[PDB]
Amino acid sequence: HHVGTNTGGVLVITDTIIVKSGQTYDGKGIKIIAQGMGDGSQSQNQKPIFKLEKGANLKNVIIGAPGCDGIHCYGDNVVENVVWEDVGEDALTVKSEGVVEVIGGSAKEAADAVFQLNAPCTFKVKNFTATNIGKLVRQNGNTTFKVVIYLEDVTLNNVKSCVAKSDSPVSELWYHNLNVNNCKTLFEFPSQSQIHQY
């Protein structure tokens, strides 16, 4: 394990970091604290820490409290080895269509959702831990577009509401090596047959 060369540094930011199409922001283990961008509460008006335009990637950053509005993904994004020490309003939001993969890393202390899906997408969570959360994945309430969610090698502890929630009959969730402790209910979808193993 080579921890990154920015390990031990803290970057204090005052505006959202924009990562452009085709670019990869590699924090090399930096911890980010955001100023003036939100308090990590359930207020709906906070700014994202990162905006990942379509085709942008992000890796190897710790996001400290306050989590603000987390990471906004505009599709075709890889988010790798990102640690949310204290999720804000939500951890990551899919804002526009495409494939979005969260690989490695962890999240803790999400009062509500970790991952928020606001557009049709393929959303994969791989090699990920989360503790003390409301929901791991929420498709935006009362929407009926299609998402396909994959949970692969995911460990969850202390899930207050459910692992995943959708109000869309056409959406699907597929899981493989999902371990869950102390969770109220696993899946809140119109029908349980929308959930599959692989």
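Don't overthink the numbering: it's just position in the shown sequence, from 1.
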Which has higher Cα B-factors on average according to the PDB entry: 149-157 or 53-61?
53-61
Per the record, averaged over C-alpha atoms, which has the higher B-factor: 44-52 or 132-140?
44-52
Looking at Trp84, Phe123, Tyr74, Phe115, which one carries the largest C-alpha B-factor according to the PDB entry?
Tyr74
Which one of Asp90, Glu80, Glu97, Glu109 shows the biggest C-alpha B-factor in the PDB entry?
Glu97
If you rank every modelled residue in this chain by C-alpha B factor, which third holds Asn179: lowest, middle or highest?
lowest
How does the C-alpha B factor of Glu172 compare with the rest of the chain: lowest, middle or highest third?
lowest
Rank-wise, by C-alpha B-factor, drop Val163 into the lowest, middle or highest third of its chain.
lowest
Ranked by Cα temperature factor within the chain, is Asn6 in the lowest third, the middle third or the highest third?
highest
